[PDB]
């Protein structure tokens, strides 16, 4: 059947955003990990975006039904801090998380941002490995893809360099070498790289729907039309899509997980003055390949199924 719409709302703060989907091999279930903004609280300034943990949504029926399981509450030093937009990959029997960190609970954008590396055997329990040394101390929104020579490539947003997408590389998943700016066409965030239809694709969030790029080498990018830039008809899908994660099932089947601010009015003073605008909803849509380009009709019915990985 068609996926649920919305796919999922967080039942603690209703601030589900920046979804990353990961198969839980031990419990044989699909997990979505998400930034949980404190969206249903009456808070000063931009506080609702901060003091965040990672929420867990689980499906045992291939994504037809989702249930909140709880939080991943990470620690980096002392106090109440901010955790954003985890990347999680399974590799050599372990889960590898690249999570964005903001010190304390800011009420504005006047703070550093780091990417931190945590590891887990079971997706519940995480051990701190290290802080990544990237191009600045204002870096967020890691995504990782393993290249054919075995080297892992990372993309992230550098807010200290015009909010451009940067690339880095690692052979051991711990130590990362800066490759430099990957995209210098526009400020954007939430990079997501995948392989499909014999090409590399990057999805970005330039805040007017999602950017779409293709590459033969995951270095030289060719820009295509945005997706999820027009309102959808489904419940809570009537606004631009944000910060996506792509799951490739097979050569014909790829799903895009994203979030909306369903009440809209982003980019206005009204957004910050009325907490009704703060809530976010997870969504899924099906990617298509038309005239050599990845496209998406968020309104088109499809039979959503997330099979167990064997």
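Positions refer to the first chain, counted from 1.
J.: When the C-alpha temperature factors are averaged for each of 286-294 and 5-13, which stretch ends up with the higher value in the entry?
T.: Per the deposited B-factors, the answer is 286-294.
J.: Higher average CA B factor in the deposited record is what I'm after, so tell me if that's 211-219 or 101-109.
T.: It is 211-219.
J.: Looking at the C-alpha B-factor values in the deposited entry, which of 251, 58, 245, 53 comes out highest?
T.: Highest C-alpha B-factor among the listed options: 251.
J.: Of the options 239, 204, 81, 137, which has the highest CA B factor as deposited?
T.: So the option with the highest C-alpha B-factor is 137.
J.: Going by the entry, which third of its chain does the Cα temperature factor of residue 62 land in?
T.: CA B-factor rank for residue 62: middle third.
J.: Mind checking which third residue 36 falls in for C-alpha B-factor across the chain?
T.: For residue 36, the deposited C-alpha B-factor lands in the lowest third.
J.: Using the B-factor values recorded in the entry, state whether the Cα atom of residue 43 falls in the lowest, middle or highest third among the modelled residues of its chain.
T.: CA B-factor rank for residue 43: lowest third.
J.: Looking at the temperature factor on the CA atom of residue 265, which third of the chain's modelled residues does it land in?
T.: CA B-factor rank for residue 265: middle third.
J.: What third of the chain, by the recorded C-alpha B-factor, contains residue 231?
T.: Middle third, going by the recorded CA B-factors of the chain.
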